[PDB]
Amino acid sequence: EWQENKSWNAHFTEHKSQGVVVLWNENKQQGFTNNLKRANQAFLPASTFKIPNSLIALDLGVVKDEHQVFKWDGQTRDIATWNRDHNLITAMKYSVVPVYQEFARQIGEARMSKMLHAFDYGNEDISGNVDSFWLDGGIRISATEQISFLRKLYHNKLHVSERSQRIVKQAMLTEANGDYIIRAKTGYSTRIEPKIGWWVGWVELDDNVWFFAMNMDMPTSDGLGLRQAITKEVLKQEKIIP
(Lines of atoms letter the chains of each structure in order from A and count residues from 1; the text may use other names and numbers.)
(Lines give C-alpha, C1' and ligand atoms only; values in the text may rest on other atoms or scores of the structure.)
Protein backbone atom coordinates (compact mmCIF):
# COMPACT_ATOMS: atom_id res chain seq x y z
CA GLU A 1 0.00 0.00 0.00
CA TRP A 2 1.19 3.47 -1.01
CA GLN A 3 0.04 7.01 -0.28
CA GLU A 4 1.10 10.26 -1.97
CA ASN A 5 1.27 13.42 0.15
CA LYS A 6 2.22 16.36 -2.06
CA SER A 7 2.15 18.67 0.97
CA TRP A 8 5.71 17.49 1.62
CA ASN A 9 6.81 19.16 -1.64
CA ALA A 10 7.11 22.36 0.40
CA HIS A 11 10.22 20.95 2.10
CA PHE A 12 12.02 20.91 -1.26
CA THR A 13 10.40 23.94 -2.90
CA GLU A 14 11.27 26.28 -0.03
CA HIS A 15 14.98 25.60 -0.73
CA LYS A 16 14.58 26.26 -4.47
CA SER A 17 15.16 22.53 -4.95
CA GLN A 18 13.34 19.41 -6.13
CA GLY A 19 13.42 15.87 -4.82
CA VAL A 20 11.58 12.90 -3.38
CA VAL A 21 11.24 11.49 0.12
CA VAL A 22 9.97 7.92 0.54
CA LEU A 23 8.96 6.56 3.95
CA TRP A 24 7.98 3.00 4.88
CA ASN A 25 6.27 2.08 8.17
CA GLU A 26 7.41 -1.47 8.91
CA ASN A 27 4.74 -2.29 11.51
CA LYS A 28 1.91 -1.20 9.23
CA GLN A 29 3.57 -2.13 5.89
CA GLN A 30 2.59 1.24 4.42
CA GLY A 31 4.55 3.70 2.30
CA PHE A 32 4.44 7.50 1.96
CA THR A 33 5.97 9.91 -0.55
CA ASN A 34 5.65 13.49 -1.79
CA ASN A 35 6.21 12.49 -5.41
CA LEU A 36 5.49 9.05 -6.75
CA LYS A 37 6.91 9.31 -10.26
CA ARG A 38 10.33 10.36 -8.95
CA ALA A 39 10.07 7.75 -6.19
CA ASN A 40 10.36 5.20 -9.02
CA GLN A 41 12.92 7.03 -11.17
CA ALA A 42 16.32 5.34 -11.16
CA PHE A 43 19.53 7.31 -10.53
CA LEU A 44 23.18 6.49 -10.08
CA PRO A 45 23.62 5.21 -6.50
CA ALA A 46 27.05 6.84 -6.02
CA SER A 47 28.31 6.50 -2.44
CA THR A 48 25.08 4.82 -1.34
CA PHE A 49 26.62 1.82 -3.12
CA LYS A 50 29.22 1.53 -0.37
CA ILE A 51 26.58 -0.47 1.47
CA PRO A 52 26.35 -3.35 -1.03
CA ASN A 53 30.07 -3.04 -1.70
CA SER A 54 30.80 -3.41 2.03
CA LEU A 55 28.49 -6.43 2.29
CA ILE A 56 30.14 -8.19 -0.64
CA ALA A 57 33.69 -7.43 0.49
CA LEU A 58 32.98 -8.80 3.96
CA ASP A 59 31.25 -11.97 2.77
CA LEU A 60 34.07 -12.71 0.31
CA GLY A 61 36.86 -12.04 2.80
CA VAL A 62 38.20 -8.99 0.97
CA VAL A 63 37.60 -7.23 4.29
CA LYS A 64 38.34 -9.31 7.38
CA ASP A 65 36.44 -7.18 9.90
CA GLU A 66 35.63 -3.58 10.78
CA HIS A 67 39.10 -3.12 12.35
CA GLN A 68 41.25 -4.05 9.34
CA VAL A 69 43.23 -0.97 8.32
CA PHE A 70 43.36 0.13 4.68
CA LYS A 71 46.51 2.17 4.17
CA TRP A 72 46.37 5.47 2.33
CA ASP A 73 48.11 5.06 -1.03
CA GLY A 74 50.05 8.25 -0.46
CA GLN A 75 48.18 10.09 -3.21
CA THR A 76 47.00 13.52 -2.12
CA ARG A 77 43.32 14.04 -2.98
CA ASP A 78 41.19 17.15 -2.54
CA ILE A 79 39.23 15.62 0.38
CA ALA A 80 41.44 15.89 3.45
CA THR A 81 39.82 13.05 5.42
CA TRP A 82 40.64 10.64 2.57
CA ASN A 83 44.42 11.25 2.91
CA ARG A 84 44.78 8.97 5.93
CA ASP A 85 44.32 5.38 7.05
CA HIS A 86 40.78 4.02 7.32
CA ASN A 87 38.84 1.02 8.52
CA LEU A 88 35.39 0.04 7.33
CA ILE A 89 33.77 2.34 9.90
CA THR A 90 35.74 5.48 9.00
CA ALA A 91 35.83 4.75 5.26
CA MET A 92 32.05 4.57 5.57
CA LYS A 93 31.65 7.70 7.72
CA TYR A 94 33.74 9.81 5.31
CA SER A 95 32.51 8.08 2.13
CA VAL A 96 36.08 7.26 1.13
CA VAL A 97 35.80 6.37 -2.57
CA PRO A 98 39.38 5.15 -3.21
CA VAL A 99 39.07 2.55 -0.44
CA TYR A 100 35.91 1.16 -2.02
CA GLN A 101 37.37 1.25 -5.53
CA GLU A 102 40.02 -1.17 -4.26
CA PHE A 103 37.27 -3.29 -2.69
CA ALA A 104 35.64 -3.46 -6.13
CA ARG A 105 38.84 -4.36 -7.98
CA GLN A 106 39.44 -7.29 -5.61
CA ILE A 107 35.79 -8.37 -5.79
CA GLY A 108 35.95 -8.50 -9.59
CA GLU A 109 33.32 -8.21 -12.31
CA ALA A 110 31.98 -11.75 -12.04
CA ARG A 111 31.37 -11.84 -8.29
CA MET A 112 30.10 -8.25 -8.13
CA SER A 113 27.55 -8.80 -10.90
CA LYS A 114 26.37 -12.10 -9.44
CA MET A 115 25.94 -10.65 -5.95
CA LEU A 116 24.00 -7.56 -7.09
CA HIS A 117 21.55 -9.91 -8.81
CA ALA A 118 21.28 -12.04 -5.67
CA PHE A 119 20.57 -8.77 -3.81
CA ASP A 120 17.91 -7.80 -6.37
CA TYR A 121 19.73 -4.46 -6.24
CA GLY A 122 18.51 -1.77 -8.62
CA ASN A 123 18.81 -2.67 -12.28
CA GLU A 124 21.67 -5.02 -11.32
CA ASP A 125 23.81 -3.65 -14.19
CA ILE A 126 27.51 -3.06 -13.52
CA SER A 127 28.41 -2.03 -17.09
CA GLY A 128 31.44 0.26 -17.05
CA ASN A 129 34.71 0.18 -15.12
CA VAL A 130 34.62 -2.19 -12.16
CA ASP A 131 36.23 0.52 -9.99
CA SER A 132 33.79 3.29 -10.87
CA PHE A 133 30.58 1.79 -12.26
CA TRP A 134 28.54 3.12 -9.33
CA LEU A 135 29.78 6.65 -10.15
CA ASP A 136 29.71 6.78 -13.97
CA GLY A 137 28.59 3.34 -15.18
CA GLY A 138 25.23 1.85 -16.02
CA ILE A 139 23.98 0.85 -12.57
CA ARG A 140 20.77 2.60 -11.56
CA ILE A 141 18.47 2.41 -8.55
CA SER A 142 15.32 4.19 -7.37
CA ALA A 143 14.32 5.40 -3.91
CA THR A 144 11.61 2.75 -3.62
CA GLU A 145 14.22 0.17 -4.69
CA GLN A 146 16.60 1.50 -2.05
CA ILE A 147 13.85 0.81 0.51
CA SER A 148 13.32 -2.77 -0.66
CA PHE A 149 17.03 -3.48 -0.28
CA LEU A 150 17.43 -1.87 3.16
CA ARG A 151 14.46 -3.79 4.56
CA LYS A 152 16.17 -7.05 3.60
CA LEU A 153 19.42 -5.87 5.19
CA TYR A 154 17.57 -4.90 8.37
CA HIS A 155 15.99 -8.35 8.65
CA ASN A 156 19.25 -10.20 7.80
CA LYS A 157 17.53 -11.62 4.70
CA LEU A 158 20.16 -10.71 2.10
CA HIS A 159 22.04 -13.67 0.64
CA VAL A 160 25.15 -13.16 2.73
CA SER A 161 25.98 -14.23 6.27
CA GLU A 162 24.28 -12.74 9.30
CA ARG A 163 27.72 -11.58 10.45
CA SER A 164 28.32 -9.56 7.27
CA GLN A 165 24.98 -7.79 7.65
CA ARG A 166 25.48 -7.00 11.33
CA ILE A 167 28.86 -5.42 10.55
CA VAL A 168 27.54 -3.21 7.74
CA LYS A 169 24.60 -2.14 9.91
CA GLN A 170 27.09 -1.20 12.65
CA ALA A 171 29.09 0.77 10.07
CA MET A 172 25.92 2.60 8.95
CA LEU A 173 25.27 3.98 12.47
CA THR A 174 24.73 7.73 12.06
CA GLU A 175 22.88 9.07 15.10
CA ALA A 176 21.73 7.76 18.46
CA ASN A 177 20.05 9.35 21.46
CA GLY A 178 17.40 8.47 24.02
CA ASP A 179 14.66 8.85 21.38
CA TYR A 180 15.86 7.13 18.18
CA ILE A 181 18.71 5.50 16.26
CA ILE A 182 19.51 6.31 12.62
CA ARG A 183 21.61 3.99 10.44
CA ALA A 184 22.09 5.43 6.94
CA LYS A 185 24.41 6.34 4.07
CA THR A 186 24.75 9.52 2.03
CA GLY A 187 25.38 9.78 -1.69
CA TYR A 188 26.46 12.51 -4.10
CA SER A 189 26.26 11.76 -7.84
CA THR A 190 27.93 14.32 -10.15
CA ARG A 191 29.41 12.50 -13.17
CA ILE A 192 26.11 11.95 -15.04
CA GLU A 193 23.16 14.33 -15.19
CA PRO A 194 21.12 15.22 -13.26
CA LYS A 195 23.37 15.79 -10.25
CA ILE A 196 21.63 14.57 -7.09
CA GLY A 197 22.20 13.86 -3.43
CA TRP A 198 21.08 10.70 -1.66
CA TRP A 199 20.24 9.79 1.90
CA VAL A 200 18.91 6.28 2.56
CA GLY A 201 18.46 4.28 5.75
CA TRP A 202 16.04 3.79 8.59
CA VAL A 203 15.04 5.13 11.99
CA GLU A 204 14.85 2.72 14.94
CA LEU A 205 12.19 3.40 17.59
CA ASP A 206 11.23 1.41 20.67
CA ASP A 207 8.46 -0.55 18.90
CA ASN A 208 8.70 0.26 15.18
CA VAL A 209 11.14 1.06 12.38
CA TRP A 210 10.77 3.68 9.63
CA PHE A 211 12.79 3.16 6.46
CA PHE A 212 13.58 6.18 4.32
CA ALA A 213 15.18 6.93 0.97
CA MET A 214 15.48 10.42 -0.46
CA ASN A 215 17.10 12.09 -3.43
CA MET A 216 17.15 15.74 -4.48
CA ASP A 217 18.68 17.93 -7.16
CA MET A 218 22.20 18.99 -6.17
CA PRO A 219 23.65 21.35 -8.80
CA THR A 220 26.35 22.45 -6.33
CA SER A 221 28.02 20.93 -3.29
CA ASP A 222 26.61 23.84 -1.26
CA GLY A 223 23.29 22.06 -0.62
CA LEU A 224 24.59 18.69 0.59
CA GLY A 225 23.42 19.41 4.15
CA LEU A 226 19.84 19.61 2.88
CA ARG A 227 19.79 15.84 2.32
CA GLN A 228 19.66 15.26 6.08
CA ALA A 229 17.92 18.52 7.00
CA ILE A 230 14.94 17.99 4.69
CA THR A 231 14.54 14.33 5.69
CA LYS A 232 14.56 15.16 9.39
CA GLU A 233 11.93 17.88 8.89
CA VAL A 234 9.63 15.32 7.26
CA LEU A 235 10.23 12.91 10.12
CA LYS A 236 9.38 15.66 12.62
CA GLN A 237 6.25 16.63 10.66
CA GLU A 238 5.09 13.01 10.70
CA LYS A 239 5.86 12.85 14.44
CA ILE A 240 8.34 10.03 13.89
CA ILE A 241 11.09 11.92 15.74
CA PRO A 242 10.64 14.86 18.14
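Basically, rigid core = biggest C-alpha set you can superpose within 1.5 Å across the two forms. Don't overthink the numbering: it's just position in the shown sequence, from 1.
> Between 10 to 18 and 215 to 223, which one shows the bigger average Cα displacement from this form in 7 other deposited structures of this protein once the rigid core is aligned?
Between 10 to 18 and 215 to 223, the one lying farther away in 7 other deposited structures of this protein is 10 to 18.
> Quick one: higher average CA temperature factor, 107 to 115 or 129 to 137?
Higher mean C-alpha B-factor in the PDB entry: 107 to 115.
> Looking only at CA atoms, which has the higher mean B factor in the entry: 57 to 65 or 183 to 191?
If you average the C-alpha B-factors of 57 to 65 and of 183 to 191, the larger mean comes out for 57 to 65.
> Which of these, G201, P52, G31, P45, has its C-alpha atom at the highest B-factor, as the entry lists it?
Comparing C-alpha B-factors across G201, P52, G31, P45, the top value belongs to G31.
> Between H86, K169, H155, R163, which one tops the list for Cα B-factor in this entry?
Out of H86, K169, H155, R163, the record gives the largest C-alpha B-factor to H155.
> Taking the values exactly as deposited, rank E175 by C-alpha B-factor within its chain and report the matching third: lowest, middle or highest.
According to the entry, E175 has a C-alpha B-factor in the chain's middle third.
> Please place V209 in the lowest, middle or highest third of its chain according to the CA B-factor in the PDB entry.
CA B-factor rank for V209: lowest third.
> Determine, from the deposited record, the chain-internal third of the Cα B-factor for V22: lowest, middle or highest.
For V22, whose C-alpha B-factor we compare with every modelled residue in the chain, the answer is the lowest third.
> Classify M216 as lowest, middle or highest third according to the C-alpha B-factor given in the PDB entry, relative to its own chain.
Its C-alpha B-factor belongs to the middle third of this chain's values.
> Based on the deposited C-alpha B factors for this chain, I'd like to know if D73 is in the lowest, middle or highest third.
Ranked within chain, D73 CA B lands in the lowest tercile.
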